[PDB]
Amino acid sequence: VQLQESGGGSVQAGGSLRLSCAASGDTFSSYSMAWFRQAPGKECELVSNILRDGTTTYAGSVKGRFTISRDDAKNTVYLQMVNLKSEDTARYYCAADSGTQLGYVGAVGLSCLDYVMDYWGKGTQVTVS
């Protein structure tokens, strides 16, 4: 499986962005999907999950502004962000996993990879001005 993020870039504070992540192959629906983000000099954060069973979770700082969703036909996961703030500036990564996923959100350590996932996208920069 390859994961490819798109839909990032620059945006005004108060604006919106929809990140997309497309998976290759024919095995998507069984994966729990997640969005991580990391800003310079900070711990990586798991910001939102959508589990295999459909359950969604969100870091407290984005609850009510971010919405995660998946399309098991297009094999894609999305992160709709509204009312973006400077605090949201970071590189955002898509990840997929077939192991135990319980909906953890929050800091995961100095590397996103410290939270072990089967597959990772290369990420996309989001810069809020």
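Position 1 is the first residue in the sequence shown; the rest follow in order.
Can you let me know which of the two, 5 to 13 or 116 to 124, has the higher average C-alpha B-factor in the entry? On average, C-alpha B-factors are higher across 5 to 13.
Stretch with the greater mean C-alpha B-factor as recorded in the entry, comparing 25 to 33 against 42 to 50: Averaged over C-alpha atoms, the B-factors run higher in 25 to 33.
Out of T100, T89, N83, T55, residue topping the C-alpha B-factor column of the entry: Answer, based on the entry's C-alpha B-factors: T55.
Among all modelled residues of this chain, ranked by Cα B factor, put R70 in the bottom, middle or top third, i.e. lowest, middle or highest. Lowest third.
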